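The residues making up each chain are set out below.
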Amino acid sequence: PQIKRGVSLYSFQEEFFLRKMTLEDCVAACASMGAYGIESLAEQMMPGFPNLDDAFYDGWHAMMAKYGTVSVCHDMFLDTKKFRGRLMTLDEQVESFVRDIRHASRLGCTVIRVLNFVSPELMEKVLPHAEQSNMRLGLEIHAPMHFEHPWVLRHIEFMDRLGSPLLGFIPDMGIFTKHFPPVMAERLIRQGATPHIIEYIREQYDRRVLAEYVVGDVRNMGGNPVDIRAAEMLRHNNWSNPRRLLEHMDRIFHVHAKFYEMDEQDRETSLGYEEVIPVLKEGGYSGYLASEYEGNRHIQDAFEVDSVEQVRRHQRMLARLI
Amino acid sequence: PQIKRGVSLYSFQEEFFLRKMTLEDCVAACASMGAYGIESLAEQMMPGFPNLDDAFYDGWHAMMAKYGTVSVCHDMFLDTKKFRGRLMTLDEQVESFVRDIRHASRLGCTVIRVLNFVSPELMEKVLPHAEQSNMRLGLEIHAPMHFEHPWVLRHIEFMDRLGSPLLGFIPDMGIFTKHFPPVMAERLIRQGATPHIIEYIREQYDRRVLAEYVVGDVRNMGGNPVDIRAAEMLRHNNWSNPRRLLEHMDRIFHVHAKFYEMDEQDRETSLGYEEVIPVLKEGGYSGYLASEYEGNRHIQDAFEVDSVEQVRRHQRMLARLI
Amino acid sequence: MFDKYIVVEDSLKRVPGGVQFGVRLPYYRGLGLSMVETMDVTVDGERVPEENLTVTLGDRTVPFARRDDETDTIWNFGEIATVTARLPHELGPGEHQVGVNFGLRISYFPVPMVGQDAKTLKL
Amino acid sequence: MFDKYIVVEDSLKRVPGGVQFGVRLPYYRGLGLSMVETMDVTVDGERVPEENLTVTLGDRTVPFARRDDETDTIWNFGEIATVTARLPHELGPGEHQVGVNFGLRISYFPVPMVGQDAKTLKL
Ligand SMILES: [Mn+2]
Ligand SMILES: [Mn+2]
C-alpha cells in the first residue's frame, strides 16, 4: 500500500479568488510538486456546474492528460437550506445529490466528499443511484467529531445493514490538532485578544481541559468577545485518538491532509502528522492525502498568502513523513 | 467473573435530606434489596468529615457487620475553587486528597471516585500517598465525555508512564443515554417548554444530530430559554460506544449504574442497559454496579420521590440483566 | 437539586432586630461556606444585603460577608442553617413570602450551580 | 474568509439614479443567491434597503428582495457581482466609504457564516 500525495484545489482558493491562477494553472502547480492527485470543488472553480458542457469535460480530460494528473475526489455540497423557511425534502435532496453523482462520474472522480451533516437516510436513498455510476460516497469526519461520535456511530449502523462498499469516510486532519494552531493564535491576538489570556487558552488546549471549563475560566479572568471566541474554538478543534483509524481503515477512501502553517523547516506547527501518518501506514492505507491549505483564512489581513509555497512545503513534509 | 449489585447512598439522598432515612436506614434498605455493596459520599451522609470521631468508624463497621454490607467506593470531592479568586495550589490539593484517602482507608473502602476534572498532575502527586493506604483512584468518566475524549486520553497517557494499577476509571451510565430521558422531557415541559419542540429535540437526540445544529434549529422554531436549555442538554447527555469499554476493562474499578425512571415493568426508559451489561459481561467485569438514582432531581417538581421503590425496581432489572 | 426545600416550612421566627429562618442549600452534598458564591435572600421579595446575613451553621455564626475566610466550615447536607437577616424594618404578624436563590461555586462545574425557592411562611 | 476582498477596489460607478460596485461573497465556493440570508450594504453612512438593492450576476439582474425565488442562480467563487444600490441621495463626486456585511445561510453550519468588509473607494 502507498499513500499518494494529492492536493485539493481548495488549497489555492486564494489565488483563484483574485484571478491570479486559473484551473489549468492550479493543476499545473499541483503537477510541479509531484502531487498528481487532484480534488476539486465543482462549486468553487467550475462555473456553470451542474449545467456544464461536454466540451468542458473534454477539456478537463485534456488538462489531466497534459499534466499527468488524476481527478480523485469531488467535493459535493448539499444545500438543504436552499429554500428559506424549510428544508429540502429528502426527495429533493436525492436529485441534488444525483447532480454531483453524475458530475463526478463525468469528471472521472472516484470519491465524492459528502459533508458530515447529511443524514444517513439520504445516503441510504442515493445509494442505488451511486451504484449505477460506481461512485464512492465518503462522509467527511471533521472536527468537532471523530470515529466514535454518536452521529458517526449512527452513520456506521446505517451503512452496516446496507453492506455497500461505496459508503465510507473521509477523515480530516483537524481531528488531530495537538496544539492550538499558532496562525489562529496570532490572528486572534491581532483581532484584539489579550496575549496572556491567549497563552492561557493555548496551554489549556494542550492540557485538553474541556471547552466548557476553558470558556468559563477565560470569562472569569476577563475576556473580550474575541477571547471567548478563541475559547470556543476548542469546541471545533479537537485531538482525537490517532489509533481509532485502524478500526475503520476499510471505510477511509480519502484523507484531507489539512494544514495551517508550514515553517521554514517543513514542519506543521500544530496538527499531528508525526503521529497520524505512521498510523495510516500501518493501517494499510492506499489512498490520497489531499493537501488542504487552511491557513489562508487566518494569515489574510496582515500577511501575503503564498498558497503555492505553503502547499509546496506541505508536500515536502508529506514526502518526508511518507 | 461476577458483577455485584451495589447501591450509592446518593440514590437515597432525597430521603436523607428530609430526615426520613438515616445512614443505618439507608444501609438496611440496601441490604433488603440484596445490594450489599455500599458507595458513600462522606460529604453527604457523614457530618464531621474529614475529622470524624474514632468511634464513628467503629460504628460504621458495626453497621456493616449487622447488615452484611460491604463499603466499596468513597466519593471524593475536591474543592479546587475552595478559596475565592484563586485555585488551590497543587500542594493544597495534595493534602485535600490525602484527607479523602485516609478517610476511605478507615471506612474500609477499596475505590475513591475522583471527580472527572482533576488534573493528571494531581493524580500523579497523590499516587505515592495512595500506595501507602492501598487505595485505588478511579477517575469518573461521566457524560459529556467517554473513553476517547482528549481529557481521558491525556489521563491515560499520564497513567501509562506511571504504570500504577491504582489509577483507573469509573464509567458513568449517562455516557450510554439511548433516548432523551422521559423524566427530563416532562420536567422541561412543565418548566414551560413547548411540547412539540420538545418532541423535536427528542427525535433529534435519537438521530444523534450534533448539539450545535439542534440548538440552532430549536432557536429558529421559537424555543424559549427553557427550550434552548433542553437543547443544550444534548451536550451533557450523549450516547457513547458500548464497545469502547472492552479495551479499558482492566482499568474500570467501579460503574455508576445511573438511572432516571423505572416503569412498572422494571424497564429503564432512556439509558443503554440491554446494550452495556452484555458488554461488561463479555469484557470481564468484577466490580460493582452501584445503583445511582438520578431522576429524583427531575420528578421532584410534582411527584413524590420514592427512592427506595425506584432503586428496588432498578436492582431487580439489574438482577435480570445479570 | 432540592429547590422546593431551600426555605424550610414553619421556621420563620423573630429575633431581636431581625428574622431568622431555616435554609437548606440546594446541593446534594456538604459544601464549605466559602464555596457559596451567592446566597440571595428576599424576605417579602425585598432583597437584604450580604452584610445583613449571619449564617448560623451548627453552633457558630459567621457574618456572611466574611465567609470567604470561613473556608473549613461545611454546610452539611440537609442541615437547616439558621440564616438570620436583620431586616431594617420590623416585620408585622402574618404571612411573609421568603425566597432564596443560591449560586454555588462548584469546582467541577463551569458555571455556578443555581437553585431557587420561594415559600410563604408565617411567624 | 475573504473579508478583505468583498468590496472590490476601483469599482464604484454611477448608474443613473444610484451607485453600483463590485462585491465578492466572503465564501470559499459558489453559493446560490437564495442562501444569502443577509447582505447589509452601507454606502457612506447609510444602510441600503433590500428593495434598493439589485444584484447583477453575469447578465441576470435580480432585485435582492426576490432572491429567495432565485435558488438556481449561483454566485460564482471570486465573481464580482455588480450590486446596484438605488441610493435615495446621489453620491457627490469624491471619495466614498463602502462597507458590506454578509450573513450566509450555510446548511452545514449551525449559525450563518459572517463576513465583513469596509473599503474606501471613489467615483
Ligand atoms: Mn477537509
Ligand atoms: Mn455517577
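Residues numbered from 1 in each chain as written, not as in the entry; some residues may be left out. Chains lettered and ligands numbered in written order. Heavy atoms only, no water.

The deposited coordinates derive from cryo-EM, with the record listing a resolution of 2.50 Å.

Novice: Teacher, can you tell me more about the coordination of the manganese ion (ligand 1) here?
Specialist: Reference values for angles at a metal are 109.5 degrees in the four-donor tetrahedral case and 90 or 180 degrees in the six-donor octahedral case. All names here are of chain A. For the manganese ion (ligand 1), every protein donor is listed as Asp172 (OD), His256 (ND1) and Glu292 (OE), and the spread of their distances is 2.1 to 2.4 Å. When the donor residues of the manganese ion (ligand 1) are listed from N- to C-terminus, their spacing reads D-x83-H-x35-E. Here the residue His256 occupies a position in strand β7 (residues 255-259), and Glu292 occupies one in strand β8 (residues 288-293), the gap between them amounting to 36 residues. Given a relative accessible area of 3%, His256 falls into the buried group. (Donors = N, O, S within 2.8 Å, 3.2 Å for Na, K, Ca; no water. Helix = DSSP H or I, 4+ residues; strand = E, 2+ residues; numbered from the N terminus. Buried < 20%, exposed > 50% of the residue type's maximum accessible area, 1.4 Å probe, protein only.)

Novice: Would you mind going over the packing of aromatic side chains with me for this structure?
Specialist: To describe a pair of aromatic rings, you give the distance between the ring centres and the angle between the ring planes. Taken as a whole and assessed by the stated rule, the structure comprises 32 aromatic pairs over all chains. Aromatic pair A:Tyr10 and D:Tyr28: ring centres 5.5 Å apart, planes at 70°, arrangement edge-to-face. Highlighted residues: A:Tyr10 in the loop between β1 (4-8) and α1 (13-17) and D:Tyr28 in the loop between β3 (22-23) and β4 (31-32), drawn from two different chains. Looking at D:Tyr28, the relative accessible area reads 9%, which means it is buried. Their ring planes at 55° and their centres at 6.1 Å tell us that A:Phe77 and D:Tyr108 sit as a pair that is tilted. With A:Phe77 in the loop between β3 (70-75) and α5 (90-107) and D:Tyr108 in the loop between β11 (95-104) and β12 (113-122), the pair connects residues from two separate chains. The buried category is assigned to A:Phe77, whose relative accessible area is 5%. One aromatic cluster is present, formed by A:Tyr10, A:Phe77, A:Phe117, D:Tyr27, D:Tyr28 and D:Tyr108 through successive ring pairs. Directly above the ring of B:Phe83 sits B:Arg86, whose terminal nitrogen or CZ lies 4.2 Å from the centroid. Here the guanidinium or amino end of B:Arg113 rests over the ring plane of B:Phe77, the centre of that ring lying 4.8 Å away. (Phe/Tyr/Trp six-rings, centres within 6.5 Å; stacked < 30°, edge-to-face > 60°. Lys NZ or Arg CZ within 6 Å of the ring centre and 35° of its normal.)

Novice: Would you take a moment to explain the pattern of salt bridges for this structure?
Specialist: Opposite charge on two side chains lets them pair, provided their charged atoms get close. In the structure shown here, the tally under the stated rule is 56 salt bridges over all chains. A salt bridge links B:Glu148 to B:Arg244, with the nearest nitrogen and oxygen atoms 4.0 Å apart. With B:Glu148 in the loop between β5 (136-141) and α8 (150-158) and B:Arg244 in the loop between α12 (225-236) and β7 (255-259), this residue pair connects regions lying 96 residues apart in the sequence. Just as B:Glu148 is buried, B:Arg244 falls in that class too. Between D:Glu9 and D:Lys119 there is a salt bridge; the shortest N-O distance is 2.7 Å. On the criterion of sequence distance, the pair formed by D:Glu9 in the segment before β1 (13-15) and D:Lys119 in strand β12 is long-range, its members being 110 residues apart. Classification of D:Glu9 by relative accessible area gives partly exposed; the value is 39%. Under the relative-accessibility criterion, D:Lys119 is labelled buried at 13%. Through salt bridges with shared partners, one network takes in A:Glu148, A:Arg244, A:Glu247, B:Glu148, B:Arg244 and B:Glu247. (Salt bridge = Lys/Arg side-chain N within 4 Å of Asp/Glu carboxyl O.)

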